[PDB]
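Below is one structure; the comments refer to it alone.
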Amino acid sequence: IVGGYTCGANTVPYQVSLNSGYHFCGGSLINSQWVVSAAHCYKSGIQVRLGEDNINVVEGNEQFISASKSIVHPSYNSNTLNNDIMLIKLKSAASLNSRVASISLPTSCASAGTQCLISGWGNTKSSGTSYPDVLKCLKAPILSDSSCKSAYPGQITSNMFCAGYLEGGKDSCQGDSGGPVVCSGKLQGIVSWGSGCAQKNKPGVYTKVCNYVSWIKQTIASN
Ligand SMILES: C[C@H]1CCCC[C@@H]1Oc1cccc(-c2nc3cc(C(N)=[NH2+])c(F)cc3[nH]2)c1[O-]
Ligand SMILES: [Ca+2]
Ligand SMILES: [Cl-]
C-alpha cells in the first residue's frame with residue numbers, strides 16, 4: 001500500500017497472508033474454511049496465515065492453516081487477467097473470534113464514488129521496494145467506468161473496476177495482490193493489477209466480485 005496508514009492490530013479481521021516461506025499475496029476469509037484471493041497468486045505449498053498484524057513476529061492471535069486445495073476460476077486468462085479470482089479451501093476450519101472473522105459477499109455491485117478500504121503487506125514505495133512488517137490500510141473510492149477505460153483503454157473487461165486517486169501518491173501495489181477491497185462491509189474487489197504503483201492517471205484495477213457470487217457459492221457448495 002503506498003500512501004496508506006498502519007491499520008492497527010487485528011482491525012481488519014478478514015485479511016489473510018498467503019505464505020510459502022515469505023508473504024507473497026493477501027486474501028479474504030469468507031467463511032471458516034474458505035478464502036478468496038486472485039488467480040495469479042496461485043502456487044502449490046500455500047499456508048494461509050490468519051490473525052496477523054506483524055507477519056515477521058508471532059504476537060498471538062495467529063492461526064497458520066495449510067490450504068487443502070486452490071480453485072483458480074476455469075476462464076482465468078493470465079494474459080488479460082480477466083476472471084482473476086481463486087478460492088482456497090483450508091485443511092481445517094479456522095476458529096473465528098473478534099480478531100479472525102469472515103467478510104460478507106455483496107448482494108449488488110457498488111457504484112462509482114463508493115469509499116472502500118484496501119489493506120495489505122505489499123510494497124509501500126512507488127519507486128523502489130520497501131515491504132512493511134504490519135498491515136497497511138488505504139481508503140479509496142471506486143472510479144467511474146469511463147475514467148477507468150480512459151486510463152487503460154482496451155484492457156478493462158466487465159469483471160474489473162478501477163479504484164484510487166488519479167493524482168497518484170496513494171495506491172495498492174505488488175504484495176497487496178489477492179487482498180480485499182471492502183465497501184460498506186461487503187467484499188467488492190480483489191487487488192489485481194495496475195501500471196506501476198501510485199502513478200498519476202494509472203489507478204489500481206480490481207476483480208469485480210459482485211459478478212462472481214453465484215460462482216463462489218456453487219463452487220463452495222460442491223467442494
Ligand atoms: C505472480 C504473482 C506471484 C506471487 C507474488 C505476486 C505476483 O504478482 C504480481 C507481481 C508484480 C506486481 C503485481 C501487482 N502490481 C500491482 C499494482 C497495482 C496497482 N497499481 N494498484 C495493483 F492494484 C495490483 C498489482 N499487482 C502483482 O500482483
Ligand atoms: Ca505475526
Ligand atoms: Cl475501451
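Residue numbers count from 1 along this sequence. Both counts, for ligands and for their atoms, begin at 1 and track the order of listing.
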- Item | Residue and atom name of the nearest protein heavy atom (relative to atom 11 (C) of ligand 1), distance in Å to one decimal | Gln174 CD, 3.5 Å
- Would you check the N or O atoms of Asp171, main chain and side chain alike, for any that come under 3.5 Å of an N or O of ligand 1? yes
- Is there a donor-acceptor contact under 3.5 Å linking the side chains of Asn223 and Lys69? yes
- For atom 7 (C) of ligand 1, find the nearest protein heavy atom and state the residue, atom name and distance (0.1 Å precision). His40 CD2, 4.1 Å
- Query: Can you tell me the protein heavy atom closest to atom 5 (C) of ligand 1 and the distance?
  - Reply: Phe24 O, 3.7 Å
- Task: Kindly indicate whether the side chain of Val100, heavy atoms from C-beta on, has any atom under 4.5 Å from the side chain of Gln63.
- Result: yes
- Message: Run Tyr212 and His73 through ring pair (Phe, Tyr, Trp, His ring centres under 6.0 Å) and show every step you take.
- Response: CA-CA 10 Å; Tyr212 301 95; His73 189 276; 5.6 Å; yes
- Task: Could you tell me which non-hydrogen atom of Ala39 sits nearest to which non-hydrogen atom of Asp84, and how far apart they are?
- Result: N-OD1, 2.9 Å
- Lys43 atom NZ, neighbour heavy-atom count above 12 within 6.0 Å: yes
- Is it the case that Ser17 and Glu52 place a side-chain donor and acceptor less than 3.5 Å from each other? no
- Query: Any idea which of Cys173, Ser172, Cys197 brings a heavy atom closest to atom 19 (C) of ligand 1?
  - Reply: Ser172
- Numbering as shown, the atoms of ligand 1 that approach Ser192 to under 4.0 Å (heavy-atom distance): 24 (C), 25 (C), 26 (N), 28 (O)
- For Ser177, the atoms of ligand 1 under 4.0 Å from one of its heavy atoms are 13 (C), 14 (C), 26 (N), 27 (C), 28 (O)
- So, for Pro13 and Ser98, which heavy atoms are closest and what is the spacing to 0.1 Å? CB-O, 3.7 Å
- Does the side chain of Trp121 come within less than 4.5 Å of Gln15's, by heavy atoms? yes
- Item | Protein contact to atom 20 (N) of ligand 1 [nearest heavy atom, distance to 0.1 Å] | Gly196 O, 2.7 Å
- For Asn82 and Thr157, does a side-chain donor sit closer than 3.5 Å to a side-chain acceptor? yes
- Do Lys136 and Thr6 meet the criterion of a side-chain donor-acceptor pair at a distance under 3.5 Å? yes
- Under 3.0 Å from the Ca ion (ligand 2), the protein N, O or S atoms found are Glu52 OE1, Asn54 O, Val57 O, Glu62 OE2
